[PDB]
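Take a look at this single chain, the form deposited in one PDB entry, given in structure tokens.
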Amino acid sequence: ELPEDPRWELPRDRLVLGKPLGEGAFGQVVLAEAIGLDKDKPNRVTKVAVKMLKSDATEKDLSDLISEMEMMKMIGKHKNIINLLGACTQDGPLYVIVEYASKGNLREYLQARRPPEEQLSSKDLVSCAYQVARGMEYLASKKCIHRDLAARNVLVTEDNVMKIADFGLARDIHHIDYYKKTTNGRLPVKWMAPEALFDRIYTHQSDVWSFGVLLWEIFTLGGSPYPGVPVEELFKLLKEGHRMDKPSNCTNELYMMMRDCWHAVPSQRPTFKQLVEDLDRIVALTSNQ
């Protein structure tokens, strides 16, 4: 059995399980309604996402889900990350309950708003980047390295708030399969800094490289990096120092940002604290017209 933790325990009967949002292989995420999540409002329901372990799941799968939950407890709350809201741990299968993001991942959100029901100004796109940088600056401030920052791991709420997700996932790095694709058919190696990819060294500076690729995804409205490039050719591109071309409808100043994220020398990349401040000024100067 699992240890009881009254900071986070929600009685099982206060959770009304709904439809599946999809499955990992370790688990399954469902939409749910939580009744009386706040102590002050016991008669209010809150929509929430609920993680739980699929059927034929092992001890390793369990401990991995537990590690993720414990990490989110230590990291604390921020507007631009997916926050932990409670857990059902006792007398039945483990549920971890987190903030629900109604508008899906940022990649989907962006592709759905491409020119042909809703469109995005240049201010909105820069604001999107500012929010992800903020979440990242917070995460970094609590000593967390994401290791897979990408538009697909950013979620968007009903109020269009960007939230970093999957920042507490268990990795067991160097067991990563470079050939295996996302369900969308893309390859996660295309977001990884060369030091993380060749030498398996992960740092905040490598997450900054990943954030550059994310900026490029945002300004191409959800484009796919290096389309048609398989793993071995990607390796050759990185060795040669190739850098992705500037998206149309991206200012020079934002492209220079991406390129600074993609500095071959990790120490010379900007920090998330620096990116936050620059994006803050750029948002303010960018037209919504």
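In this text, the rigid core denotes the largest set of C-alpha atoms whose superposition between the two forms falls within 1.5 Å. One-based numbering along the sequence shown.
At least a third of the other compared entries skip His174 while keeping the residues on either side. Modelled in this chain, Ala25 is nonetheless absent from a third or more of the other compared entries whose models extend past it on both sides. The modelled chain is continuous from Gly92 to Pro93, with every intervening residue of the deposited sequence accounted for. A summary of the deposited B-factors shows that, of 49 to 57 and 229 to 237, the stretch with the larger mean C-alpha value is 49 to 57. Between the stretches 18 to 26 and 276 to 284, it is 18 to 26 that shows the larger average CA temperature factor.
For the set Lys163, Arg134, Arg171, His204, the maximum C-alpha B-factor listed in the entry falls on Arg171. The top Cα temperature factor in the record, among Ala34, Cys261, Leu62, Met69, falls on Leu62. In this PDB entry, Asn105 carries a Cα temperature factor that places it within the middle third of its chain's modelled residues. When the modelled residues of the chain are ordered by C-alpha B-factor, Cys88 sits in the middle third. Annotation for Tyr179: CA B-factor lies in the highest third of the chain's modelled residues. Ranked by C-alpha B-factor against the other modelled residues of its chain, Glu117 falls in the highest third. Residue-level temperature factors show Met244 in the middle third of its chain, judged at the C-alpha atom.
Quick note: we don't show the form deposited in another entry, though the next part is all about it.
Only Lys181, out of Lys79, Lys181, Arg200, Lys142, shows a C-alpha shift of 2 Å or more between the shown form and the other one on alignment of the rigid core. Once the rigid core is overlaid between the shown form and the other one, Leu62 counts among the residues whose Cα shifts by 2 Å or more. Once both forms are fitted on their core, a CA shift of 2 Å or more is seen for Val45 between the shown form and the other one.
The two forms, fitted on the rigid core, differ between the shown form and the other one by 2 Å or more at the CA of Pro93. Distance between the C-alpha atoms of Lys180 and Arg200: shorter by at least 3 Å in the other form than in the displayed form. The gap between the Cα atoms of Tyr178 and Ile201 is smaller in the other form, by no less than 3 Å, than in this form.
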